[PDB]
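Student: these chains are from a complex, not moved at all, and more is on the way:
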Amino acid sequence: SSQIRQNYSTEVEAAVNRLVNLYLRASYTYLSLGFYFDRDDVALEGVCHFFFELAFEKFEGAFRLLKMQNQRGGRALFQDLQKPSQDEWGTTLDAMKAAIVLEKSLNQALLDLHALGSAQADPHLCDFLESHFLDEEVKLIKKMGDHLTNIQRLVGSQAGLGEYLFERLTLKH
Amino acid sequence: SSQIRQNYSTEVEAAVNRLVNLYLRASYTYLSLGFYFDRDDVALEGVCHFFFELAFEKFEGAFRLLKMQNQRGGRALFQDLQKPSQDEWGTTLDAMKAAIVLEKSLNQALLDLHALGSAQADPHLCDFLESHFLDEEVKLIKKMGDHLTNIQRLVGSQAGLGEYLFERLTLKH
Amino acid sequence: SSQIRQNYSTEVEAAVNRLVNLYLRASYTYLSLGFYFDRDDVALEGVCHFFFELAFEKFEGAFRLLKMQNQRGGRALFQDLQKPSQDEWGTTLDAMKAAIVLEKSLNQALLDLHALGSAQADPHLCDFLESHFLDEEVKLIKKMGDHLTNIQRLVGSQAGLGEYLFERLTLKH
Amino acid sequence: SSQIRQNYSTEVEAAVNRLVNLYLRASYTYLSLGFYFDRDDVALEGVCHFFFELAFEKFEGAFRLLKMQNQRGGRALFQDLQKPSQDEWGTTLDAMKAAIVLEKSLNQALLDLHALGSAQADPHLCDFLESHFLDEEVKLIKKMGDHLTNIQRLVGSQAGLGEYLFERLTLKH
């Protein structure tokens, strides 16, 4: 087989392909989230833009993973992309809760892959994840947690008002 | 009669004149809406500016229609302009509801005229409507629907607060 | 009623609303004049542009009047807008004669309103009219009189030639 | 045959080739018109330039049609180009009358082709015509009608004077 492959296990190759699938699924989920908040009967522009930026971020993550797979001499293999878990995403709070669950699952998949790289003595893979993924994910989950807290603080007894204010004064538009 | 007229039915000519009347009536309605929200006892600058921009837009629509009537060799005929349906327009919500009703009526008149053009095999008219009117109208009705949803979300139990916040944080001033 | 209204009679309020109606009717008349001279079988661009500029001027006059009505704490009330007095406007001479008749009627309405303001000891209204309307109107009627004289001088025995030359060499295109 | 052709009827292909022939014939007619008005014994520069600009416009129309034929996977087929209908074109009025007749024939050919596209459910062809041809033609015929009216107004009893003035004060030089 490969004229470049070196120190790159079949286990890591497969796991990288699985992780691509997870990132692309996450991108799709965020595309659905974005268009839901674009509905005339939802109409929260800042929320919309927040989730579309994440759709792009997750697609970029997948792309970098696929680039690395080729740089290492593995073979990119694509699978079916499962549709997102919901067709409607409820409130901004419901959506941000679903997004943090999603991110925590991606982070766990990154950690799992890092551990596999470590067991396989694959330092390039370990560094790749550390340099492009693990801190980005920590930073994103922190920001989502910050948002959750602010959204929650605003529910009070006037939920609509709080939802509008969060979109207007925290999220970008 | 006309040295330029070609493929331009009397039915379309008349319907174009009727549509001009509808656009000018819509412009007038929006002028009334704008000055109501300019009242010292209403005083919602952003709402005022939103409806004045629409008064100008609807006048522009009428002007383009009249330009096209002449380009086709039809004869512009003006009728009495009915005053707007109300002298006072209630809340921002009441006003935005009235505006979307108005826009839906204009859109239906555009669709009706497009259908007439299609039946008469008048592709220039059909393209004119598609290129300058139908998508502008879809975009406007979408924006009004977005606004309605945000206004509605803000009523809650503190209607005045919500009305102020919508004007301050969504509409332009 | 009004928390701002001071020294502003019901008579002036009503007369201001009537004057708005007159200005908007004048704007409409000028819109009709403009599109007539835009006809392929009339085709006098300079005349067209002259009357469209007046349509805009008269609309601006109405707008300023409505702004002032609100600044004084009166209530803008709109009525039906009568269509213009003609559907076709004849020669440039016929049109300019009709325009000066129209302007003289507006000027008389301004003078009448000024007199009412004076009788009611309403100096703000009197100054408003003097500052934004009376001299603009004198200047416009003078310019129309100048035009009439030039158009008349050009009729001679070659009316078409004179009509073309006036449009080409006096009016803007 | 063609590796790209899709939804593109033989009838439309042939009609497009015929329309190319019509446009190129129109270009040739305008070339003849231009050089006639360039004669020392005619010498109307503005008229000359007006018809040369149209020769170029009609050639561009043909070129776009031929580009589209290839984009659709049809085969451009050229036929003999009939010489223009006259060798001398009379007055500016005679020439502008001949030009509007010509344009009306081109417009009818466009409408005929649009109808064929519609019957064949060929929306690309229908849009192509609407986007690049039908409104350009309406605008041109309107401008020619405007010119005819001005030329006619200037004949009066001093035809030479009127012909000179039209060329000098309306047409570009």
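Tutor: Good, I have the coordinates. Residues are numbered from 1 along each chain as shown, chains lettered A, B, ... in the order given.
Student: so how far is chain B from the residue nearest to residue A:73 when sequence neighbours are not counted?
Tutor: With CB to CB, 6 or more residues apart in numbering or on different chains as the measure, residue A:5 is the residue that lies nearest to residue A:73, at 3.2 Å, once sequence neighbours are left out. (Each C-beta comes from the backbone N, C-alpha and C, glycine too.) According to CB to the nearest CB, to the nearest Å, residue A:5 stands 52 Å off from chain B.
Student: repeat for residue A:51
Tutor: With distances taken as CB to the nearest CB, residue A:51 is found 17 Å from chain B.
Student: That residue: neighbour count?
Tutor: Residue A:51 has 23 neighbouring residues, counting by other CB atoms under 10 Å in any protein chain shown.
Student: What residues of the host helix or strand of it count as buried?
Tutor: Under the criterion of DSSP states H and E, residue A:51 resides in helix A:45-72. Within helix A:45-72, the residues scored as buried using 16 or more other CB atoms under 10 Å in any protein chain shown are A:45-52, A:54-55, A:57-59, A:61-62, A:65-66, A:68-69, A:72.
Student: The residue nearest to residue A:73 - how many residues pack around it?
Tutor: Around residue A:5 there are 13 residues (other CB under 10 Å).
Student: so it touches residue A:74, yeah?
Tutor: Yes - in this structure, residue A:5 is within contact of residue A:74 by CB atoms under 8 Å, at 7.2 Å.
Student: Chain E should go on the structure too:
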Amino acid sequence: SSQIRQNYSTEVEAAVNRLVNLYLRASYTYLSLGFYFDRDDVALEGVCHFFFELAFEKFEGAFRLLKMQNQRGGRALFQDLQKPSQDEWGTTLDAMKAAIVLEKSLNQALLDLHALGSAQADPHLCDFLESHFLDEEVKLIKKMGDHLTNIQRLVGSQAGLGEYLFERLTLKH
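Tutor: Putting chain E together with the chains above:
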């Protein structure tokens, strides 16, 4: 249901959702094509970049469709995304053949949707497709056909040489 929806059939809404699925599948196919040509054992940079640009184009198409669905008051519904039809894509010729098959299928889906819009008297949908999709697709299929012809001309008896030269001298890098 919807406060904005007007003249927008359930049939069109569903078909738009189906078309989104087709565009996203096409984007995925092009992502796979791109990474295959990025393999160290394939290594055709220009081919890689050509297919990645198409992945982005097809994603943009899907996005515009979803935007329009919301502008019309339809509801975006996502389905599972089928993986691409192949894991390895053979030669540049094999790949470009597969890409033109794919594009022809998308074009047929656009035409089908346009026909449905026409039957339903939905001119906004018909114009949307004409303005953003049908000509882009014709232009792309023409370019692919051009490429196919050039690739085919280069096979001769030295296929590797021809594949290299096409990538180096036609495709962008």
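Student: same question on the neighbour count of residue A:5, but now with chain E added
Tutor: 14.
Student: Checking my notes, it in a helix, right?
Tutor: No - going by DSSP: H, G, I helix; E, B strand; the rest coil, the assignment for residue A:5 is coil, not a helix.
Student: Run through the residues that contact residue A:56.
Tutor: residue A:27 (CB atoms under 8 Å, 6 or more residues apart in numbering or on different chains).
Student: Now chain A against chain C: closest residue?
Tutor: For chain A and chain C, the shortest gap (CB to the nearest CB) falls at residue A:161, measuring 27.9 Å.
Student: pretty sure that residue contacts residue B:162?
Tutor: Yes - under the criterion of CB under 8 Å, residue A:161 makes contact with residue B:162 at 6.4 Å.
Student: ok, and what's touching stretch A:35-53?
Tutor: Counting by CB under 8 Å, 6+ apart, residues outside stretch A:35-53 touching it are A:30-31, A:33-34, A:88-89, A:92, A:95, A:99, A:163-164, A:167-168, A:170-173, B:142, B:145-150, E:2-4, E:66-67, E:69-70, E:73, E:75-76.
Student: I'd like to know which of those residues are buried.
Tutor: Looks like those have A:30-31, A:33-34, A:89, A:92, A:95, A:99, A:163-164, A:167-168, A:171, B:142, B:145-150, E:3-4, E:66, E:69-70, E:73, E:75-76 buried, using 16+ other CB under 10 Å.
Student: attach chain F to the model above:
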Amino acid sequence: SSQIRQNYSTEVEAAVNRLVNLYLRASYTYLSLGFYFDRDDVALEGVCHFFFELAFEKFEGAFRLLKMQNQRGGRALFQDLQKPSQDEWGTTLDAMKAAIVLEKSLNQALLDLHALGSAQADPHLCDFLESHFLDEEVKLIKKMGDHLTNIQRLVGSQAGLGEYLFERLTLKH
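Tutor: To build on what is shown above, here is chain F added in:
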């Protein structure tokens, strides 16, 4: 007849008209050549652009001839334009061979006309041809001969490869 004509024979006048016909026929031939190489199943952009530039050059030649005819007081007379000699033009080699045959025929017509001018003692005509036509033609035929030699050198046993390389590395795109 003519108030400007001087030293300008009927024989030269007629021959100039014939030469215009030849130039316009040549322009048409080059238009056909250009669109053939624009076909999806030919697809040689550089060849396409080479022949379109010549279509424009030959049209310019005709235009200059017609300008000169009027400057001399002759009368431009147009005839039917024969369609080009072929509907399909074969290889780049076949096309360039046909183009040099065409150019040699134009050059001979120029030389013939120069000789007629010389016999008629018409130095203005002789200079006009020398200054705007004879050297342009020599330069063009030299360039075509250069191209023929390069195309011929590239046929070898891999004709497609050679045809691609010539288009890519010699002709402009």
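Student: Could you re-examine the neighbour count of residue A:5 with chain F now present?
Tutor: Residue A:5 has 14 nearby residues by other CB under 10 Å.
Student: My understanding was that it contacts residue A:72; is that so?
Tutor: Yes - between residue A:5 and residue A:72 a contact is recorded at 6.6 Å, counting by CB under 8 Å.
Student: partner residues bridging the residue of chain A found nearest chain E?
Tutor: Nearest residue of chain A to chain E: residue A:81, at 3.6 Å (CB to the nearest CB). Residue A:81 has these beta-bridge partners by DSSP bridges: residue E:81.
Student: For it, which residues are in contact?
Tutor: A:21, A:24, A:25, A:28, E:28, E:80, E:81, E:83 are the contacts of residue A:81 under CB under 8 Å, 6+ apart.
Student: farthest-separated two in those residues?
Tutor: A:28 and E:83 (13.4 Å; CB to CB).
Student: okay, these two: which has more neighbours?
Tutor: residue A:28 (21 against 17).
Student: number of nearby residues for residue A:156?
Tutor: 9.
Student: what about it, helix or strand, and which?
Tutor: Using DSSP H and E, no helix or strand contains residue A:156.
Student: What sits closest to it if chain neighbours are left out?
Tutor: residue A:162 (6.1 Å).
Student: Give me the neighbour count for the residue in chain A that chain D sits nearest to.
Tutor: For chain A and chain D, the shortest gap (CB to the nearest CB) falls at residue A:35, measuring 26.5 Å. Residue A:35 is flanked by 24 other residues according to other CB under 10 Å.
Student: Perfect, that will be all.
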